[PDB]
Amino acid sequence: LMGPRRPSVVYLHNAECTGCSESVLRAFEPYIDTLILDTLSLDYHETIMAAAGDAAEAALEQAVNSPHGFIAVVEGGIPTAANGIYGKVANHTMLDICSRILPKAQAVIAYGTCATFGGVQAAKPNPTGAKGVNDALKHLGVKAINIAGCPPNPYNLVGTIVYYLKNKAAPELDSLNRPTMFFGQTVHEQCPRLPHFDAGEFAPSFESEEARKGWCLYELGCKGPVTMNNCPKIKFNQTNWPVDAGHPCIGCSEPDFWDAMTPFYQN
């Protein structure tokens, strides 16, 4: 499915919504066709691969056991309650799959807040015992680079992979294992509404003339001040980001944000 030439990527889907996979399809300069044909060899990916069933399982085995080695990209949290039975693929639990494959990878990237920190299914009361990759597999020595967000900016995945392929090492990482080159600033310190924040100019409601005029969204719940991401700088889809669409940041690149940042419309 691979051999020498392009580096092999094995992409796994655990407890996920496929929004992180969709974000990679939005890749821009390079676009996803360049990435799959020229940059990398995408050797397993359940959303887009041709093979199904036994043939897909054999594709996975061939990729994982390749003497050229592979990089793993992981989407979704790992459900660990009840011996992992809340998530299975090919009748194996996701915990077992990841425990067997991820220690064999040359590098692991946990892509999206679910894979990095546990995400939406780990919010209270966490009925499936979902965990992020590093938490679930600590004991096996797996240390995934965490690219957080729900979903992350795909600029940050491509930039991390390019860095790794050039330098054969991870870039500088923060204390949540996220690259500092993308996650070193709060959303707020990069926000165009910062002068209104400083002036104590807050929108009191979404229907208000203050919201119409672009006043700060802090009183309406904005988590920009406690959230590390590059959204105001890179934007999404080459055109917009939540505060420029008039909605507060909900904190989606932070651990446990579903419980820490709620209620989303309060500060």
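So that there is no doubt, residue numbering starts at 1 and follows the sequence shown.
ask   = 91-99 versus 150-158: which one carries the higher mean Cα B factor per the record?
value = According to the PDB entry, the answer is 91-99.
task = Would you tell me which stretch averages the higher CA B-factor in the PDB entry, 187-195 or 109-117?
result = Going by the record's values, the stretch with the higher mean is 187-195.
request  = Among the candidates 221, 242, 200, 224, give the one with the maximum CA B-factor reported in the record.
outcome  = Within the set 221, 242, 200, 224, 200 shows the top C-alpha B-factor.
request  = Select one of 228, 40, 234, 216: the residue whose C-alpha shows the highest B-factor in the crystal structure entry.
outcome  = Most elevated C-alpha B-factor of the set, per the entry: 40.
ask   = Compared with the other modelled residues in the chain, in which third is the CA B-factor of residue 172?
value = Highest third.
query = Taking the entry's C-alpha B-factors for this chain, is residue 82 in the lowest, middle or highest third?
reply = Residue 82: CA B-factor falls in the highest third of its chain.
request  = Grab the CA temperature factor for residue 74 from the record and place it in the lowest, middle or highest third of its chain.
outcome  = Lowest third of the chain for residue 74's C-alpha B-factor.
query = residue 144's Cα B-factor: lowest, middle or highest third of the chain?
reply = Middle third by C-alpha B-factor.
message = Among the modelled residues of this chain, does the Cα B factor of residue 133 put it in the lowest, middle or highest third?
response = It falls in the middle third of the chain.
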